[PDB]
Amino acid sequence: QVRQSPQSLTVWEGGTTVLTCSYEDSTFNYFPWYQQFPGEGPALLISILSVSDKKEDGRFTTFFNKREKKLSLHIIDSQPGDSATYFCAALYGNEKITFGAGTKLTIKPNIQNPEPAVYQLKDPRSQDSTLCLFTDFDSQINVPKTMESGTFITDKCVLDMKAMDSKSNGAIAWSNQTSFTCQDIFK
């Protein structure tokens, strides 16, 4: 009854996020969106009645389209702290809420000045334990996946040292091999 796609979406930091939903029951007349951060419960974000076209609250706008039975949520100047699962929802009258399946949104920076590098790091509390850090690489490059038993490569993870302007893509690799150089594994 409430159809929400895609399952997950990435959009660039500063861009406008567009999330859409459709519904079957043309009598639905109240449409609340809920936002759910990782590790937390959903909470009401913004809502709109079918008498209105839009509702605006800060950077968030919901638009309602009765003819096409469509709702959307626009987020201007999308920023990392908007990373969350967004649920559209719908109900008629005082009937119980119906929620969509939710879209997981990730806001990432497209890094300006990449300087990729690969480093080996040691665990000092170990005899011989090391891992590989691939850091400061371009936001469009695919992180390679393991072509090998007993070696593991993580997905791109973006951090932001908010001290000043120091956003950086990173990935980690480690293994149970006793002969894995870090220059091999990331090329």
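When you see a residue number, it is the position in the sequence shown, counting from 1.
- For the segment pair 86-94 and 101-109, the entry gives 101-109 the higher mean B-factor, averaged over Cα atoms.
- Stretches 32-40 and 63-71 differ in mean C-alpha B factor, with the higher average recorded for 63-71.
- Sorting 129, 151, 27, 47 by the CA temperature factor given in the entry leaves 151 at the top.
- Annotation for residue 147: C-alpha temperature factor in the highest third relative to the rest of the modelled chain, per the entry.
- Looking at the C-alpha B-factors along this chain, the one for residue 121 belongs to the lowest third.
- Ranked within its chain, residue 171 lands in the lowest third, by CA B factor from the PDB record.
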